[PDB]
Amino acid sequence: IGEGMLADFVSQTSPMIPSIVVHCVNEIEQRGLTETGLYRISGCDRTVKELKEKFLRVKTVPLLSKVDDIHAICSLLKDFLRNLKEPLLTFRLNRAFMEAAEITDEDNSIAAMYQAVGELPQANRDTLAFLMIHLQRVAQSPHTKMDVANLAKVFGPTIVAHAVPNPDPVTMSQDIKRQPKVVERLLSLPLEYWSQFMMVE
């Protein structure tokens, strides 16, 4: 167990996204996107771990078509992301992203966000884009009751996280307070913007 870097799970070159991510998202969107609490409700832990163990052996994405509780997939996705050796936004850009979201001027904040994203290795930008597009849909389904702020409170610890492997108790509590605002900005970027990274080639 343990997982490696994000890039260690990409096979296709365009866009550079892990199959595991692609499949979870497709399934979640497949089931309609109308279940209350998507990503807020935990799937069955035993199930999430068993699906994960199959996968991590040689990176064989299992069929999710028959997993009935859709939350177990939401959980399986976040679990995959949250356990990479380095967060989706990478260690190197952790602060950058945080301070670009704290810029009180909306525009300049939006501008520094574009700059930071463009800094990420391609795999993370593509994978991140895919996710922002996915979540913007989730946030747009009334039934989910999961608005941008909710998603931001649940995904912030996952794709933003920390600037180091093991933060100390204080610095940790600090990052957590800052993560949400970062996810908010990312979600506020136009779909057009995110979509350009989705073209094959």
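When you see a residue number, it is the position in the sequence shown, counting from 1.
The stretch with the higher mean CA B factor, choosing between 162-170 and 148-156, is 162-170.
Higher mean CA temperature factor, per the PDB entry, when comparing 51-59 with 172-180: 51-59.
Each of 122, 108, 90, 75 has a CA temperature factor in the record; the biggest one is found at 108. Among the modelled residues of the chain, residue 26 sits in the middle third by CA temperature factor in this PDB entry. Annotation for residue 66: C-alpha temperature factor in the highest third relative to the rest of the modelled chain, per the entry. Annotation for residue 16: CA B-factor lies in the middle third of the chain's modelled residues.
Ranked within its chain, residue 36 lands in the middle third, by CA B factor from the PDB record.
Residue 5 sits in the middle third of its chain by CA B factor, as recorded in the PDB entry.
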